[PDB]
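Novice:
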Amino acid sequence: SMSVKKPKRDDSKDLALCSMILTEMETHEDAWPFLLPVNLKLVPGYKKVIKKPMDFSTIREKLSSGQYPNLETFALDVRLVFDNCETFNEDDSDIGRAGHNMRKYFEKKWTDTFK
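For what it's worth, the authors' numbering labels the leading residue of the sequence shown as 1856, then goes sequentially.
This is the structure:
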(Lines of atoms letter the chains of each structure in order from A and count residues from 1; the text may use other names and numbers.)
(Lines give C-alpha, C1' and ligand atoms only; values in the text may rest on other atoms or scores of the structure.)
Protein backbone atom coordinates (compact mmCIF):
# COMPACT_ATOMS: atom_id res chain seq x y z
CA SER A 1 0.00 0.00 0.00
CA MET A 2 1.15 3.67 0.29
CA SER A 3 4.69 3.68 1.73
CA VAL A 4 4.54 -0.15 2.21
CA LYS A 5 6.48 -2.13 -0.34
CA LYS A 6 7.98 -5.61 -0.73
CA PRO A 7 11.72 -5.69 -1.25
CA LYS A 8 12.59 -4.49 -4.85
CA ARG A 9 13.18 -7.38 -7.33
CA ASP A 10 15.89 -6.62 -9.96
CA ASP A 11 13.82 -6.35 -13.19
CA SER A 12 16.66 -4.86 -15.27
CA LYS A 13 17.42 -8.07 -17.25
CA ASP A 14 13.76 -9.02 -17.92
CA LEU A 15 13.68 -7.45 -21.40
CA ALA A 16 16.78 -9.31 -22.51
CA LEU A 17 15.69 -12.55 -20.93
CA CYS A 18 12.20 -12.46 -22.63
CA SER A 19 14.02 -11.77 -25.94
CA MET A 20 16.18 -14.87 -25.40
CA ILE A 21 13.15 -17.07 -24.64
CA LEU A 22 11.37 -15.74 -27.73
CA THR A 23 14.47 -16.55 -29.83
CA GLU A 24 14.42 -20.07 -28.48
CA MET A 25 10.68 -20.42 -29.37
CA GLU A 26 11.35 -18.98 -32.89
CA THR A 27 14.07 -21.53 -33.66
CA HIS A 28 12.16 -24.58 -32.36
CA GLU A 29 11.37 -26.97 -35.23
CA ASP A 30 7.66 -26.92 -34.29
CA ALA A 31 7.40 -23.08 -34.40
CA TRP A 32 6.28 -22.94 -38.07
CA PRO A 33 2.52 -22.55 -37.36
CA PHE A 34 3.25 -19.53 -35.08
CA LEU A 35 6.03 -17.55 -36.80
CA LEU A 36 3.81 -15.17 -38.74
CA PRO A 37 0.23 -13.86 -38.42
CA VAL A 38 -2.49 -16.17 -39.75
CA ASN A 39 -3.59 -14.83 -43.19
CA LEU A 40 -7.08 -13.53 -42.45
CA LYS A 41 -7.90 -13.25 -46.16
CA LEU A 42 -6.93 -16.87 -46.87
CA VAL A 43 -8.10 -18.85 -43.84
CA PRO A 44 -11.90 -19.02 -43.60
CA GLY A 45 -13.37 -18.56 -40.13
CA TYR A 46 -10.18 -17.25 -38.45
CA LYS A 47 -11.01 -13.56 -38.43
CA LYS A 48 -14.52 -14.11 -37.02
CA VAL A 49 -13.66 -16.78 -34.51
CA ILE A 50 -10.24 -15.66 -33.10
CA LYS A 51 -10.95 -12.34 -31.53
CA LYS A 52 -7.30 -11.55 -30.67
CA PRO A 53 -4.82 -13.04 -33.20
CA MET A 54 -1.22 -13.33 -31.91
CA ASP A 55 2.01 -14.80 -33.39
CA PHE A 56 5.76 -14.80 -32.62
CA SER A 57 6.64 -12.04 -35.16
CA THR A 58 4.02 -9.71 -33.59
CA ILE A 59 5.32 -10.47 -30.05
CA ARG A 60 8.89 -9.68 -31.36
CA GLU A 61 7.77 -6.32 -32.69
CA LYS A 62 5.89 -5.46 -29.49
CA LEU A 63 8.89 -6.51 -27.34
CA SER A 64 11.40 -4.52 -29.45
CA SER A 65 9.27 -1.37 -29.31
CA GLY A 66 8.53 -1.19 -25.55
CA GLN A 67 4.98 -2.29 -25.76
CA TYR A 68 5.23 -4.86 -22.91
CA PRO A 69 5.00 -3.02 -19.55
CA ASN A 70 6.15 -6.06 -17.57
CA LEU A 71 7.09 -9.77 -18.01
CA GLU A 72 3.45 -10.87 -17.21
CA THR A 73 2.03 -9.04 -20.23
CA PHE A 74 4.70 -10.83 -22.39
CA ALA A 75 3.66 -14.25 -21.04
CA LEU A 76 -0.02 -13.44 -21.63
CA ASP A 77 0.69 -12.85 -25.39
CA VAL A 78 2.80 -16.04 -25.71
CA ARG A 79 -0.03 -18.02 -24.05
CA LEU A 80 -2.59 -16.34 -26.36
CA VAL A 81 -0.75 -17.84 -29.33
CA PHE A 82 -1.30 -21.33 -27.90
CA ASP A 83 -4.83 -20.66 -26.71
CA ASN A 84 -5.76 -19.47 -30.20
CA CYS A 85 -4.17 -22.62 -31.60
CA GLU A 86 -6.26 -24.84 -29.38
CA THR A 87 -9.45 -22.95 -30.26
CA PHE A 88 -9.01 -23.45 -34.01
CA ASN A 89 -7.17 -26.77 -34.39
CA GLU A 90 -8.03 -30.30 -33.41
CA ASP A 91 -5.66 -31.86 -30.81
CA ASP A 92 -5.15 -34.70 -33.27
CA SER A 93 -3.52 -32.66 -36.05
CA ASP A 94 0.05 -31.55 -36.80
CA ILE A 95 -0.75 -27.95 -35.76
CA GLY A 96 -2.72 -29.04 -32.71
CA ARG A 97 0.31 -31.14 -31.57
CA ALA A 98 2.72 -28.28 -32.39
CA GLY A 99 0.78 -25.95 -30.06
CA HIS A 100 0.89 -28.38 -27.15
CA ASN A 101 4.61 -28.98 -27.69
CA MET A 102 5.44 -25.31 -27.88
CA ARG A 103 3.35 -24.43 -24.85
CA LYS A 104 5.24 -26.98 -22.77
CA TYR A 105 8.57 -25.82 -24.15
CA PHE A 106 7.68 -22.24 -23.18
CA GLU A 107 6.32 -22.93 -19.71
CA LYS A 108 9.55 -24.75 -18.74
CA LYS A 109 11.77 -21.93 -19.96
CA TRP A 110 9.49 -19.50 -18.16
CA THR A 111 9.74 -21.32 -14.79
CA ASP A 112 13.45 -21.95 -15.17
CA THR A 113 14.32 -18.33 -16.01
CA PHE A 114 12.09 -16.47 -13.57
CA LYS A 115 10.53 -18.84 -10.88
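Just so you know, even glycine gets a beta-carbon here, dropped at the ideal spot from N, CA and C.
Would you kindly work out how many angstroms separate the C-alpha atoms of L1872 and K1896, rounded to a whole number?
Specialist: Position 17 of the sequence shown holds residue 1872. Position 41 of the sequence shown holds residue 1896. Approximately 35 Å between the Cα atoms of the pair.
Novice: Please list the terminal residues of the continuous alpha helix (DSSP H) segment that includes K1903.
Specialist: Here residue 1903 is taken as the residue at index 48 of the sequence shown, counted from 1. Its alpha helix (DSSP H) spans residues 1901-1904.
Novice: Note down the Cα distance separating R1915 from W1965, rounded to an integer number of angstroms.
Specialist: Your numbering for residue 1915 matches position 60 in the sequence shown. Your numbering for residue 1965 matches position 110 in the sequence shown. Their backbone Cα atoms lie some 16 Å apart in a straight line.
Novice: Spatial neighbours of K1907 within its chain, please: CB distance less than 7 Å, with the 5 preceding and 5 following residues excluded, ordered by chain position.
Specialist: What you label residue 1907 is simply residue 52 of the sequence shown in a count that begins at 1. Result list for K1907: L1935, in chain order.
Novice: Within the chosen definition, does the stretch 1887-1902 reach the stretch 1928-1947 through at least 3 CB pairs nearer than 8 Å?
Specialist: In short, these stretches touch, since the Cβ pair count reaches three.
Novice: Within this structure, are the beta carbons of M1909 and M1957 separated by less than 8 Å?
Specialist: What you label residue 1909 is simply residue 54 of the sequence shown in a count that begins at 1. What you label residue 1957 is simply residue 102 of the sequence shown in a count that begins at 1. It is not a contact, given that the beta carbons lie outside the stated cut-off.
Novice: Run through the stretch 1885-1964 for me and flag every whole alpha helix (DSSP H) of 4 or more residues, listed as ranges in chain order.
Specialist: Runs found: 1901-1904, 1911-1919, 1926-1943.
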